[PDB]
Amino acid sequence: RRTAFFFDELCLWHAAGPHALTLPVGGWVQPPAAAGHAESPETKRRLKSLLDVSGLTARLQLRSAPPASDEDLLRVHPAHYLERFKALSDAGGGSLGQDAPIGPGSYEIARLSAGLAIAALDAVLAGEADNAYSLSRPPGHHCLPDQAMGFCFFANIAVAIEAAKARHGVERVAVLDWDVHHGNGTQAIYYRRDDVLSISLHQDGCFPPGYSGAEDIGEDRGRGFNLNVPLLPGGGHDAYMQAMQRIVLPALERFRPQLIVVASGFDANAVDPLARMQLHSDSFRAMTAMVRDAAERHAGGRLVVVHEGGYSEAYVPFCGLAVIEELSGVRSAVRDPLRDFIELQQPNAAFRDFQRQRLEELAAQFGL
């Protein structure tokens, strides 16, 4: 298997103002002695370092890309959003919204991030690679057409999908979003459309806060082409496998995608500060293995994984590495040091069964 890895060093240079985790500094929030921000370069930098140090980078097609053109960005975002964002980035940073701070030059870096997503889809559709991974920072899955939220400033996946349809004429795209937070940007953008199947597994009510969304199945022609799977907080491996087996794979089986795109956040991992789920690196591996199987069935193997959230400096590198091993079919020597520990922490049988019953009920609600 040829796996392309889309990365650029400059994506790691996007830096907002001082924060303690998600909280802006000022008032009662003391400035951190070190930390700085949750959506930090270091999560992505350490993944990259680990891929290098593992040898895995050497077995991938390392690519950069040109930034997203205005034509590409305007397919999703109004011109007035582009100018407003540019103006603030040029002026020296600030706030595009709450949960959406930017630094100087963040406009160019976000364009680059979107560029990498564009190029990844392009490369898989052109036959240059069997599949691809885009280390896009800043992330995109929360971004609305004219509102930045959740540290997302362009809808990277939506921009990449539109450019793919415009260039190659793909008719059925499926987006599986396994970041722990609800992918509201992707849902909004394609809510009335039947050509993009949008699936989001998320922690019930995490972010956006209090949002579950199981009833929200799409409008108009999109009715039945959006699926929200709000998992109960504290769920881990089994919860996700059940969701995949009972909702995700049946949904894909009916929709017959010609391309599969994954919005892959790793903030469902068991040590993430920004969610309450219990995934380990082999959960993401198993999910990647299942989604590759479906791409081989309907899409001729065509699969793209785009990096989204993940806030554990320590553990995200291992979770992302497991995905890329599964994509490439290359197993490195790296061994997850938390795997065995996290296994022991999983929900008990009764809690698993409670979550399982809910997923069976949701499956029936969706007609699967």
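One-based numbering along the sequence shown.
- Taking the PDB entry as given, 95-103 carries the higher mean Cα B factor of the two stretches 249-257 and 95-103.
- Higher mean CA temperature factor, per the PDB entry, when comparing 178-186 with 74-82: 74-82.
- Highest CA B-factor among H202, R167, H237, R285, as stated in the entry: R167.
- You'll see in the entry that, of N131, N269, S89, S264, the Cα B factor peaks at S89.
- In the deposited entry, the Cα temperature factor of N348 places it in the lowest third of its chain's modelled residues.
- Among the modelled residues of its chain, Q30 has a C-alpha B-factor that falls in the lowest third, as given in the PDB entry.
- The deposited CA B-factor of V330 belongs to the middle third of values across its chain.
- Annotation for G115: C-alpha temperature factor in the lowest third relative to the rest of the modelled chain, per the entry.
- Ranked by Cα temperature factor within the chain, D52 sits in the lowest third according to the deposited record.
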